[PDB]
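Quick heads-up: it's one chain on its own, the form deposited in one PDB entry, in structure tokens.
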């Protein structure tokens, strides 16, 4: 039953990675969720609804993370000049600096956990799981 084993192993990796990323990001004063909000906003401003949908968390959780990052100086709520109800979450310069530190933590951990795989094996794995992602996102 290899196909279900792929999926359950994926889940087990995510859970353990989550715990460890939370631990290591904690030194940057971030949770894994906070880091995901920085990753999302690092390439352009995002709506709160997008953040909750894309990363499969509640509206309340996003609100809490955005409020935190806002207090920390890492994101701002930008309001449309005609209708201030239209809000985007925009990363600040400090938010980018902290995001980039987070990426380096993530890279070092990824390098540890994938260390038994050659660069070639890494590439073989990545291209195939990308197809699994495309399909589940279609079904979702």
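Positions refer to the first chain, counted from 1.
Below, we turn to the form deposited in another entry, even though it does not appear here.
In this comparison between this form and the one not shown, the rigid parts meet at a hinge, and the single option from 81, 39, 70, 107 located at it is 107.
Three angstroms is the minimum change: in the other entry, the CA atoms of residue 133 and residue 49 sit farther apart than in this structure, by 3 Å or more. In the other entry, the separation between the C-alpha atoms of residue 44 and residue 81 shrinks by 3 Å or more relative to the displayed form.
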